[PDB]
Amino acid sequence: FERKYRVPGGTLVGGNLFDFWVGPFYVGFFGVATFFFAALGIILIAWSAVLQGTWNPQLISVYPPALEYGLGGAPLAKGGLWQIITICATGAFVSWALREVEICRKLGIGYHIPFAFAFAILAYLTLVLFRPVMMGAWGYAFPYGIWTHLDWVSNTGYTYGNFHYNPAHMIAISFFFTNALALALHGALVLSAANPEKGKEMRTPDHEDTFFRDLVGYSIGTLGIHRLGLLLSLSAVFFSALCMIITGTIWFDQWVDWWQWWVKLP
Amino acid sequence: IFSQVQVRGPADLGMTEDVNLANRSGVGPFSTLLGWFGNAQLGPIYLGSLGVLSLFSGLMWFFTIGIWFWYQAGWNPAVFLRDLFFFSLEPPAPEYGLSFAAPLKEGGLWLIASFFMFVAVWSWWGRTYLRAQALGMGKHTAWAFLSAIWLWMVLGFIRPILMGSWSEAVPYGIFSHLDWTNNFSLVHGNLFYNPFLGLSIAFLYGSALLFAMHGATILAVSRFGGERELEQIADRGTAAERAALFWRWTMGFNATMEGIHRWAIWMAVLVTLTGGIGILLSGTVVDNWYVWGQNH
Amino acid sequence: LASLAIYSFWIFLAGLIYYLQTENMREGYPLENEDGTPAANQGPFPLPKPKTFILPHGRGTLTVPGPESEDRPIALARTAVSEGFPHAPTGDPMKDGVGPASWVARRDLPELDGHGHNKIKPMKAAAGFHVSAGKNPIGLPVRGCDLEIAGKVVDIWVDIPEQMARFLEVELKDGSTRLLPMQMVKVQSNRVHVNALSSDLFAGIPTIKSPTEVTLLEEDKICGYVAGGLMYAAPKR
Ligand code: BCL
Ligand SMILES: CC[C@H]1c2cc3[nH]c4c(c3C)C(=O)[C@H](C(=O)OC)c4c3nc(cc4[nH]c(cc(n2)[C@@H]1C)c(C(C)=O)c4C)[C@@H](C)[C@@H]3CCC(=O)OC/C=C(\C)CCC[C@@H](C)CCC[C@@H](C)CCCC(C)C
Ligand SMILES: CC[C@H]1c2cc3[nH]c4c(c3C)C(=O)[C@H](C(=O)OC)c4c3nc(cc4[nH]c(cc(n2)[C@@H]1C)c(C(C)=O)c4C)[C@@H](C)[C@@H]3CCC(=O)OC/C=C(\C)CCC[C@H](C)CCC[C@H](C)CCCC(C)C
Ligand SMILES: CC[C@H]1c2cc3[nH]c4c(c3C)C(=O)[C@H](C(=O)OC)c4c3nc(cc4[nH]c(cc(n2)[C@@H]1C)c(C(C)=O)c4C)[C@@H](C)[C@@H]3CCC(=O)OC/C=C(\C)CCC[C@H](C)CCC[C@H](C)CCCC(C)C
Ligand SMILES: [Fe+3]
């Protein structure tokens, strides 16, 4: 197949100019922008490895400009290189989304995947652009390091006691847990059907729908469960981004003390 | 997206198999709510014996916990609704062994309630095998549900017995389990260096990556009947065809309308599989993961 | 154990990933990719095995990997020279069904639900089937992206199993009826707006053989024609 689809077209920005395929990969204007951005951030990280004397990935880390710098600038080595790498990361993410937007047009397909990806981008920019700007110092953001970001995770979690208690976080988790169940169930359903009990003829959506009514007593649509996947996951990361944008900006306290609101009047 | 027009006709039953117990309710369609997103037909359900056995023991477990919660608030409105989260059904905790049966408020409560939760879940497994067999489907749903059962079984039955004490099990309480999970991190030398928890998080994130991706591609290939997955697997056409060409042209490789579901079952079951493995070790073999890391 | 177990688990993954998963995706997608050397861009391994699907109620055995090619002609002259470029269309891509207009020759049979009967047939032929919420599309003007009316909605064609409006039957001004995918129209209260297509044409939509059933072949041809209009209709963007 493929070949009949490779027709000249689509392309938001970049005219005819960039409409070609490096093998499987469509290029396009935002394709070169993704390349350009990933090259820049890779150079600057390579550079922060050298400036600390390690090339080992368990140890290479890039941390934000410390709290006194505010939302100002910093020296590359005392913060500024996390700042430049962030600009290349946001630039390279937004190009990739708008790369998808262009492949979509050419495939005569729907906009849903870029729209979904924009949510992972929103979560990222919560932690790195919005919650720090809100809180006045770029240093509240996380370090770009395989182990050191989990160090940041545990410290900010624990700065508020047991961060399970953060309500918007509790429900974000609730979607993460439901969405995983929804994936295991959905994939397993179609393969219950396409690959029936050995020498049986393939099953039908009619069989799928009937299986879930016998277990549960309802069966959302086939269309319906793909509407469900998209929503459980984009809610999990929406509520996640909320959870980490209220903490620090409006709740400055040990999260256990929230719930006492309920605990008193009778 | 949402339906624009809803269309109804009579009720459906595409063979609810043996002994045709599966007709409790027959119907109850929800339009304005369930039908704008998904299907409207409520029911029919099957209920045959194991289904009664799960609901009986499930309810029983749930009710047992409830009588002890009321005992914690004595008996009250006000207070009960106030402290619902803060009540608990901690094990024999009183941590003095596996010791077959502790006094009612000291261990009885929990072992008794755990018996019903053990039966409820296992019979419901049984159900998912049977309900599948009968429609000639094959085990997949009760392939997947076993890694869920694995994490459940390691957190309550198998690690407390691998530790020689029921005290190492999870309490039945809202806030209690949020805390048990935190303390288990603390007393196992910061669980983030537990190599399995790192894979579990990679897969739990990976699942919200993959259903978001999958969901979005079928909904984008909706207008060529892409949601008809099972058909496109039997006779492929445009929607299957350019759904995957999107990913080949973006990230470099792709999937078959069948095979992406082969990715997705696993991309979800590896969450409790790896995770379960991870907890089985955390106590039983590795006392402290920070050290474990360091010592290589 | 532990360090033994984590090593073993990373072995397992290497197993899982290619030799079930990506092997089983090679089964069709794109099936030993040749327009030159059939695997070549990177080291694969390998092309999975045959698996046969016996198809339900009626006749069929699908053995995949599929030894198959569509000869049935792709009207595309290649812009060449730096060899990885856009293949241009020789004539009108839309009628030629190429690019965003591409159909696939699927089976020219209707898909029959669980008990051998047409999945989609019109609401005229559906036993007590009628619109239970939302604007009733029947009888509305159908207006294309150039704001001009090209017919009227006459019927809804419904998927019975998963009860849903899949198509609108639109009678074009001259009693010719076209089938149109529900996922491509905007049912408002005063018009039904088809954004993908021009009014003055609409006409070009592939026609059904029976008026009461549509075939998989035909569905793909209709939907493909519609969607291609989004690129190929200059009156809209
Ligand atoms: C350890 C201390 C605290 C705690 C502290 C925190 C803190 C602190 C934070 C969280 C956050 C989260 N916590 Mg917590 N949390 C705790 C315990 C838990 C428990 C548990 C079982 O008890 C659970 C289930 C969770 C669950 C969660 C998630 C709901 C949430 C993660 C959001 C997310 O996925 O971001 C979305 C994902 C992204 C941002 C990724 C974006 C990716 C971008 C777009 C692209 C990358 C491109 C890549 C580089 C390209 C490479 C290309 C190559 C080709 C591959 N926490 C304990 C109590 N938790 C985070 C949150 O709320 O989220 C904002 C957060 O900041
Ligand atoms: C990777 C494994 C993932 C997974 C998979 C999974 N779960 C599964 C399956 C699979 C593959 C099933 O086939 C099975 C199922 O039937 O799904 C619908 C199931 C299931 N996973 C469930 C839950 C669940 N799975 C979880 C997680 C996961 N499941 C993982 C994410 C979680 C967590 C902890 O987040 C939960 C809470 C069950 C809903 C369901 C079946 C378990 C079972 O055996 O249930 C029997 C229970 C009873 C008979 C007692 C019921 C008592 C309650 C009705 C009391 C009142 C509750 C209250 C909140 C009010 C009522 C709510 C509404 C009904 C109004
Ligand atoms: C609903 C949101 C969920 C989601 C969705 C999602 N992700 C997506 C999509 C969607 C819909 C895509 O279309 C896109 C894709 O193409 O998938 C293959 C993608 C994608 N999601 C990815 C990852 C990812 N998504 C995540 C999460 C989520 N993605 C949510 C769960 C996470 C985590 C940790 O949870 C990760 C790691 C990528 C595999 C992929 C493509 C992203 C992309 O932009 O790729 C371009 C690649 C580059 C530009 C090279 C990077 C160069 C940079 C300069 C490096 C910068 C370093 C960085 C700032 C810090 C690194 C530090 C960490 C190690 C701590
Ligand atoms: C502060 C505590 C630290 C912590 C602890 C922790 N995490 C844990 C555990 C613990 C102790 C686990 O046991 C669990 C795990 O498996 O460990 C690897 C897990 C885990 N931590 C996770 C994530 C996670 N932890 C994080 C952090 C941390 N985890 C902290 C460092 C983070 C962060 C900060 O980013 C993330 C994203 C998951 C990967 C994993 C949990 C995997 C999961 O989603 O599975 C849930 C599924 C179950 C619990 C199985 C239940 C199945 C039964 C069959 C259901 C029976 C249902 C019942 C009958 C009721 C039904 C009701 C209905 C009918 C309505
Ligand atoms: Fe699917």
# chains A, B, ... in the order shown; residues from 1 in each chain; ligands from 1
$ closest_atom_pairs --of "chain C" --to "chain A" --cutoff "8 Å" --atoms "only C-alpha atoms" --output "JSON lines"
{"residue": "C:30", "atom": "CA", "partner": "A:1", "partner_atom": "CA", "distance": 6.8}
{"residue": "C:41", "atom": "CA", "partner": "A:23", "partner_atom": "CA", "distance": 7.9}
{"residue": "C:53", "atom": "CA", "partner": "A:202", "partner_atom": "CA", "distance": 6.8}
{"residue": "C:54", "atom": "CA", "partner": "A:201", "partner_atom": "CA", "distance": 5.1}
{"residue": "C:55", "atom": "CA", "partner": "A:201", "partner_atom": "CA", "distance": 5.4}
{"residue": "C:56", "atom": "CA", "partner": "A:201", "partner_atom": "CA", "distance": 4.9}
{"residue": "C:57", "atom": "CA", "partner": "A:201", "partner_atom": "CA", "distance": 7.6}
{"residue": "C:69", "atom": "CA", "partner": "A:1", "partner_atom": "CA", "distance": 7.8}
{"residue": "C:70", "atom": "CA", "partner": "A:1", "partner_atom": "CA", "distance": 7.5}
{"residue": "C:74", "atom": "CA", "partner": "A:4", "partner_atom": "CA", "distance": 6.0}
{"residue": "C:76", "atom": "CA", "partner": "A:4", "partner_atom": "CA", "distance": 7.1}
{"residue": "C:84", "atom": "CA", "partner": "A:21", "partner_atom": "CA", "distance": 5.7}
{"residue": "C:85", "atom": "CA", "partner": "A:20", "partner_atom": "CA", "distance": 5.0}
{"residue": "C:86", "atom": "CA", "partner": "A:8", "partner_atom": "CA", "distance": 4.9}
{"residue": "C:87", "atom": "CA", "partner": "A:7", "partner_atom": "CA", "distance": 5.2}
{"residue": "C:88", "atom": "CA", "partner": "A:7", "partner_atom": "CA", "distance": 5.8}
{"residue": "C:89", "atom": "CA", "partner": "A:7", "partner_atom": "CA", "distance": 7.4}
{"residue": "C:98", "atom": "CA", "partner": "A:4", "partner_atom": "CA", "distance": 5.7}
{"residue": "C:99", "atom": "CA", "partner": "A:5", "partner_atom": "CA", "distance": 4.4}
{"residue": "C:100", "atom": "CA", "partner": "A:108", "partner_atom": "CA", "distance": 4.5}
{"residue": "C:101", "atom": "CA", "partner": "A:108", "partner_atom": "CA", "distance": 7.6}
{"residue": "C:102", "atom": "CA", "partner": "A:5", "partner_atom": "CA", "distance": 7.2}
{"residue": "C:113", "atom": "CA", "partner": "A:206", "partner_atom": "CA", "distance": 6.8}
{"residue": "C:114", "atom": "CA", "partner": "A:206", "partner_atom": "CA", "distance": 5.4}
{"residue": "C:161", "atom": "CA", "partner": "A:206", "partner_atom": "CA", "distance": 6.1}
{"residue": "C:162", "atom": "CA", "partner": "A:221", "partner_atom": "CA", "distance": 6.2}
{"residue": "C:227", "atom": "CA", "partner": "A:108", "partner_atom": "CA", "distance": 5.7}
{"residue": "C:228", "atom": "CA", "partner": "A:108", "partner_atom": "CA", "distance": 6.1}
{"residue": "C:230", "atom": "CA", "partner": "A:108", "partner_atom": "CA", "distance": 7.0}
{"residue": "C:231", "atom": "CA", "partner": "A:10", "partner_atom": "CA", "distance": 7.1}
$ write_last_selection --atoms "N, CA and C atoms" --output "tab-separated table (two decimals), in the first residue's frame"
chain	number	residue	atom	x	y	z
C	30	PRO	N	3.93	-2.68	6.40
C	30	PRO	CA	3.56	-3.01	5.01
C	30	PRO	C	4.03	-4.30	4.30
C	41	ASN	N	15.92	-1.05	5.18
C	41	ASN	CA	16.10	0.06	6.11
C	41	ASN	C	15.97	-0.46	7.54
C	53	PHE	N	-7.10	-17.04	9.19
C	53	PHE	CA	-8.29	-16.61	9.89
C	53	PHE	C	-9.40	-17.35	9.19
C	54	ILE	N	-10.24	-18.18	9.81
C	54	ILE	CA	-11.36	-18.73	9.06
C	54	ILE	C	-12.47	-17.73	9.33
C	55	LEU	N	-13.01	-17.23	8.24
C	55	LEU	CA	-13.96	-16.15	8.32
C	55	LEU	C	-15.39	-16.60	8.59
C	56	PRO	N	-16.16	-15.81	9.34
C	56	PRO	CA	-17.39	-16.24	9.95
C	56	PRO	C	-18.55	-16.30	8.97
C	57	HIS	N	-19.49	-17.18	9.33
C	57	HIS	CA	-20.72	-17.49	8.61
C	57	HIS	C	-20.79	-17.16	7.12
C	69	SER	N	-0.57	-7.64	-3.84
C	69	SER	CA	-0.26	-6.39	-4.48
C	69	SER	C	-1.60	-5.94	-5.05
C	70	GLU	N	-1.72	-4.64	-5.07
C	70	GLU	CA	-2.84	-4.01	-5.70
C	70	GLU	C	-2.19	-3.58	-7.01
C	74	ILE	N	-2.96	2.44	-9.65
C	74	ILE	CA	-2.61	3.65	-8.96
C	74	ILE	C	-2.18	4.61	-10.08
C	76	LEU	N	-0.53	7.28	-10.69
C	76	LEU	CA	0.47	8.16	-10.11
C	76	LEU	C	1.83	8.12	-10.80
C	84	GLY	N	12.80	9.61	-3.49
C	84	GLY	CA	12.00	9.37	-2.28
C	84	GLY	C	10.88	10.41	-2.21
C	85	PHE	N	10.51	10.89	-3.39
C	85	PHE	CA	9.61	12.02	-3.50
C	85	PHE	C	8.13	11.67	-3.68
C	86	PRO	N	7.24	12.67	-3.52
C	86	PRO	CA	5.87	12.65	-4.00
C	86	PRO	C	5.63	12.08	-5.40
C	87	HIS	N	4.67	11.15	-5.47
C	87	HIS	CA	4.23	10.59	-6.74
C	87	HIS	C	3.05	11.47	-7.17
C	88	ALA	N	3.15	12.20	-8.28
C	88	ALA	CA	2.05	13.06	-8.74
C	88	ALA	C	0.91	12.26	-9.40
C	89	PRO	N	-0.33	12.74	-9.43
C	89	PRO	CA	-1.43	12.06	-10.10
C	89	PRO	C	-1.59	12.43	-11.57
C	98	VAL	N	-6.97	8.57	-5.25
C	98	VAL	CA	-5.56	8.49	-4.91
C	98	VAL	C	-5.23	9.60	-3.89
C	99	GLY	N	-4.26	9.39	-3.01
C	99	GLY	CA	-3.91	10.39	-2.01
C	99	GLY	C	-4.90	10.37	-0.87
C	100	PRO	N	-5.37	11.49	-0.32
C	100	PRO	CA	-6.48	11.51	0.64
C	100	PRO	C	-7.79	10.94	0.08
C	101	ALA	N	-7.89	10.71	-1.24
C	101	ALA	CA	-9.09	10.12	-1.82
C	101	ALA	C	-9.02	8.61	-1.95
C	102	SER	N	-7.93	7.99	-1.54
C	102	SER	CA	-7.75	6.58	-1.78
C	102	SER	C	-8.76	5.66	-1.13
C	113	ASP	N	-23.73	-8.94	10.25
C	113	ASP	CA	-23.60	-9.11	11.69
C	113	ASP	C	-23.60	-10.57	12.14
C	114	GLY	N	-23.42	-10.79	13.45
C	114	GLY	CA	-23.34	-12.06	14.16
C	114	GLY	C	-24.18	-13.18	13.58
C	161	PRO	N	-26.16	-3.79	15.10
C	161	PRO	CA	-25.63	-4.37	16.35
C	161	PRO	C	-25.27	-3.38	17.46
C	162	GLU	N	-24.49	-2.40	17.03
C	162	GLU	CA	-24.01	-1.34	17.87
C	162	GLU	C	-24.91	-0.30	17.19
C	227	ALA	N	-13.48	12.25	2.07
C	227	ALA	CA	-12.32	12.75	2.79
C	227	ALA	C	-11.33	13.45	1.89
C	228	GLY	N	-11.07	12.89	0.70
C	228	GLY	CA	-10.19	13.50	-0.28
C	228	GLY	C	-10.59	14.93	-0.65
C	230	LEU	N	-11.50	17.24	1.30
C	230	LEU	CA	-10.90	18.17	2.24
C	230	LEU	C	-9.62	18.80	1.69
C	231	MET	N	-8.80	18.02	0.98
C	231	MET	CA	-7.59	18.57	0.40
C	231	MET	C	-7.99	19.12	-0.96
$ residues_near_ligand --ligand "ligand 5" --cutoff "7 Å" --atoms "only C-alpha atoms and all ligand atoms" --output "JSON, numbers by chain"
{"A": [186, 187, 226], "B": [214, 229, 261]}
$ closest_residue --among "A:114, A:41, A:217, A:157" --to "ligand 2" --atoms "only C-alpha atoms and all ligand atoms"
A:217
$ residues_near_ligand --ligand "ligand 2" --cutoff "6 Å" --atoms "only C-alpha atoms and all ligand atoms" --output "PyMOL selection string"
(chain A and resi 177-178+180-181+184-185) or (chain B and resi 54-55+58-59+62+120-121+124+141+144-145+147-148+268-269+271-272)
$ residues_near_ligand --ligand "ligand 4" --cutoff "6 Å" --atoms "only C-alpha atoms and all ligand atoms" --output "list in words"
residues 177 of chain A; 121, 148, 149, 151, 152, 181, 182, 184, 185, 191, 192, 197, 200, 201, 204, 271, 272, 275, 276, 278 and 279 of chain B
$ closest_residue --among "B:33, B:15, B:162, B:187" --to "chain A" --atoms "only C-alpha atoms"
B:15
$ residues_around --residues "residue A:147" --least-positions-apart "6" --cutoff "9 Å" --atoms "only C-alpha atoms" --output "PDB file with N, CA and C atoms, in the first residue's frame"
ATOM      1  N   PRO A  57      25.183   8.443  32.053  1.00  0.00           N
ATOM      2  CA  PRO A  57      23.762   8.800  32.123  1.00  0.00           C
ATOM      3  C   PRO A  57      23.086   8.660  33.484  1.00  0.00           C
ATOM      4  N   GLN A  58      23.639   7.806  34.352  1.00  0.00           N
ATOM      5  CA  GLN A  58      23.137   7.703  35.713  1.00  0.00           C
ATOM      6  C   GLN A  58      23.540   8.984  36.422  1.00  0.00           C
ATOM      7  N   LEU A  59      24.599   9.660  35.938  1.00  0.00           N
ATOM      8  CA  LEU A  59      25.115  10.864  36.560  1.00  0.00           C
ATOM      9  C   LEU A  59      24.952  12.190  35.824  1.00  0.00           C
ATOM     10  N   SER A  61      23.332  15.471  34.637  1.00  0.00           N
ATOM     11  CA  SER A  61      22.127  16.123  35.111  1.00  0.00           C
ATOM     12  C   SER A  61      22.209  17.604  34.816  1.00  0.00           C
TER      13      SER A  61
END
$ residues_near_ligand --ligand "ligand 1" --cutoff "6 Å" --atoms "only C-alpha atoms and all ligand atoms" --output "ChimeraX atom specification"
/A:120-121,123-124,153-154,156-158,162-164,169,172-173,237,240-241,243-244
$ interface_residues --of "chain C" --to "chain B" --cutoff "6 Å" --atoms "only C-alpha atoms" --output "list in words"
residues 25, 29, 103, 104, 106, 128, 129, 130, 131, 132, 133, 134, 164, 183 and 223 of chain C
$ write_last_selection --atoms "C-alpha atoms" --output "mmCIF file, in the first residue's frame"
data_model
loop_
_atom_site.group_PDB
_atom_site.id
_atom_site.type_symbol
_atom_site.label_atom_id
_atom_site.label_comp_id
_atom_site.auth_asym_id
_atom_site.auth_seq_id
_atom_site.Cartn_x
_atom_site.Cartn_y
_atom_site.Cartn_z
ATOM 1 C CA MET C 25 2.903 -6.351 12.983
ATOM 2 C CA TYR C 29 2.072 -3.596 7.808
ATOM 3 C CA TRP C 103 -10.203 3.795 -1.492
ATOM 4 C CA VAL C 104 -9.210 0.169 -1.036
ATOM 5 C CA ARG C 106 -12.056 -4.477 0.162
ATOM 6 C CA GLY C 128 -39.112 0.023 14.596
ATOM 7 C CA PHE C 129 -35.768 1.776 14.404
ATOM 8 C CA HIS C 130 -36.027 5.545 14.950
ATOM 9 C CA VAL C 131 -34.055 8.445 16.093
ATOM 10 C CA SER C 132 -34.268 8.744 19.907
ATOM 11 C CA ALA C 133 -32.396 12.053 20.548
ATOM 12 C CA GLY C 134 -30.794 14.929 18.638
ATOM 13 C CA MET C 164 -25.796 3.827 15.290
ATOM 14 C CA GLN C 183 -18.664 11.192 10.729
ATOM 15 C CA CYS C 223 -15.646 7.537 2.561
#
$ select_by_dssp --residues "stretch 5-225 of chain A" --states "strand (DSSP E or B)" --output "list in words"
residues 21, 22, 25, 26, 62, 144 and 218 of chain A
$ write_last_selection --atoms "C-alpha atoms" --output "PDB file, in the first residue's frame"
ATOM      1  CA  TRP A  21      10.253  11.437   2.713  1.00  0.00           C
ATOM      2  CA  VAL A  22      13.558  10.504   4.246  1.00  0.00           C
ATOM      3  CA  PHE A  25       9.917   9.574   7.814  1.00  0.00           C
ATOM      4  CA  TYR A  26       8.040  12.431   6.278  1.00  0.00           C
ATOM      5  CA  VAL A  62      21.035  19.655  34.283  1.00  0.00           C
ATOM      6  CA  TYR A 144      16.816  17.020  33.453  1.00  0.00           C
ATOM      7  CA  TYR A 218     -23.480  -3.192  29.603  1.00  0.00           C
TER       8      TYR A 218
END
$ select_by_dssp --residues "stretch 23-103 of chain A" --states "alpha helix (DSSP H)" --output "JSON, numbers by chain"
{"A": [29, 30, 31, 32, 33, 34, 35, 36, 37, 38, 39, 40, 41, 42, 43, 44, 45, 46, 47, 48, 49, 50, 80, 81, 82, 83, 84, 85, 86, 87, 88, 89, 90, 91, 92, 93, 94, 95, 96, 97, 98, 99, 100, 101, 102, 103]}
$ residues_around --residues "stretch 199-212 of chain C" --least-positions-apart "4" --cutoff "8 Å" --atoms "only C-alpha atoms" --output "list in words"
residues 95, 121, 122, 125, 143, 144, 145, 146, 147, 148, 149, 150, 172, 177, 178, 179, 218, 221, 222, 225 and 226 of chain C
$ residues_around --residues "residue A:99" --least-positions-apart "4" --cutoff "12 Å" --atoms "only C-alpha atoms" --output "ChimeraX atom specification"
/A:10-14,18-19,25-35,91-95,103-106,111,113-114,117 /B:246-247,249-251
$ write_last_selection --atoms "C-alpha atoms" --output "compact mmCIF listing (two decimals), in the first residue's frame"
# COMPACT_ATOMS: atom_id res chain seq x y z
CA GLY A 10 -0.94 18.77 2.98
CA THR A 11 1.73 20.99 4.52
CA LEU A 12 0.86 23.90 6.71
CA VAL A 13 4.10 25.83 6.50
CA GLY A 14 6.87 25.03 4.08
CA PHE A 18 9.87 20.34 2.23
CA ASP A 19 7.32 17.78 1.01
CA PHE A 25 9.92 9.57 7.81
CA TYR A 26 8.04 12.43 6.28
CA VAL A 27 10.10 15.59 6.67
CA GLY A 28 8.20 18.88 6.11
CA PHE A 29 8.98 22.22 7.80
CA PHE A 30 8.23 21.06 11.33
CA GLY A 31 10.30 17.91 10.61
CA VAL A 32 13.43 19.99 10.07
CA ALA A 33 12.41 22.14 13.10
CA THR A 34 12.24 18.92 15.25
CA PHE A 35 15.72 18.02 13.96
CA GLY A 91 10.29 24.04 20.52
CA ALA A 92 10.97 20.40 19.54
CA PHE A 93 7.71 19.15 21.10
CA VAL A 94 5.55 21.80 19.45
CA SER A 95 7.27 21.05 16.09
CA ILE A 103 0.92 14.20 8.02
CA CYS A 104 -2.80 14.21 9.02
CA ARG A 105 -3.81 16.58 6.22
CA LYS A 106 -1.95 14.49 3.63
CA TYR A 111 -6.70 15.83 14.02
CA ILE A 113 -3.55 12.46 17.79
CA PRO A 114 -1.92 16.02 17.86
CA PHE A 117 -0.19 14.90 22.39
CA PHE B 246 0.45 7.93 10.13
CA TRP B 247 2.84 6.29 12.62
CA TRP B 249 5.54 8.53 8.57
CA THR B 250 5.99 10.06 12.11
CA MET B 251 7.92 7.70 14.35
$ closest_residue --among "C:141, C:224, C:44, C:36" --to "residue C:189" --atoms "only C-alpha atoms"
C:141
